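Read through the structure below, which is laid out as structure tokens, and then see the notes.
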2 protein chains.
Amino acid sequence: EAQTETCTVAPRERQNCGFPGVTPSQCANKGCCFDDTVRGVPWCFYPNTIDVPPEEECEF
Amino acid sequence: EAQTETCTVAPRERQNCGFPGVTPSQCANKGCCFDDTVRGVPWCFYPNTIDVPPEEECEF
């Protein structure tokens, strides 16, 4: 298996993982992927990214 | 300290790892790449080792 889905799941279908005000640090506290790019929906949710490569890259 | 195996290699230089008649499951069954897009050359071939030496950041 290679690169697959991601933590960017359907905002409406995103399985909440905490509170709406959750943050990158707050969420991680539980262990989920953050995404406050959409209001009304929870920022802390469960992701779905599958791959065999490393678990760290770069995005600057 | 961060190497990775790719498949985007040159056929003429690609390291055969399984005849073309091979299937995606067969080729991968050994742990090699499978590209049935290029004819004439070996469809199933070993991956490639590549690194990413820094110099100022990580977007290089």
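Among the conditions (1) within 30 Å of B:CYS7 (Cβ to Cβ); (2) surrounded by 13 or more Cβ atoms within 10 Å (Cβ to Cβ), A:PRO42 misses just one, which is (1).
Among (1) touching a strand residue (DSSP E or B) at 6+ places or on another chain (Cβ under 8 Å); (2) polar (S, T, N, Q); (3) under 20 Å from A:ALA2 (Cα atoms), there is one condition B:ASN16 misses while meeting the rest; what is its number? Answer for B:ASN16: the failing condition is (3). Check off (1) loosely packed, with under 12 Cβ neighbours inside 10 Å; (2) out of contact with any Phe, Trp or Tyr (no Cβ under 7 Å at 6 or more places or on another chain) for B:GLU59 and give me the number that stays unchecked. Only one criterion is unmet by B:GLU59, namely (2).
Run down A:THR37, A:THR8 and say which single residue is closer than 30 Å to B:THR6 by Cβ and either touching a helix residue (DSSP H, G or I) at 6+ places or on another chain (Cβ under 9 Å) or among the polar types (S, T, N, Q) (or both).
Residue meeting the stated conditions: A:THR8.
Pairs are defined by a Cβ separation below 6 Å, a sequence spacing of at least 6 or placement on different chains, a first member in the range A:1-15 that is of a type in the set (A, V, I, L, M), and a second member that is surrounded by 10 or more Cβ atoms within 10 Å (Cβ to Cβ); the pairs so defined are A:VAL9/A:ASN48. Looking at chain B, the strands (runs of 3 or more DSSP E) lying wholly inside it that each contain 2 or more residues that are within 9 Å of the chain's Cα centre (by Cα) and within 13 Å of another protein chain (Cβ to nearest Cβ) sit at B:4-6. For the structure I just gave you, tell me whether B:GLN15 is out of contact with any helix residue (DSSP H, G or I) (no Cβ under 8 Å at 6 or more places or on another chain) and either more than 17 Å from A:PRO53 (Cα to Cα) or hydrophobic (A, V, I, L, M, F, W, C) (or both). Yes: the conditions hold for B:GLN15.
FYI, it's all coordinate maths here, none of it is from the lab. Ideal geometry is used to build each Cβ from the backbone, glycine not excepted, and the neighbour counts take in all protein chains shown.
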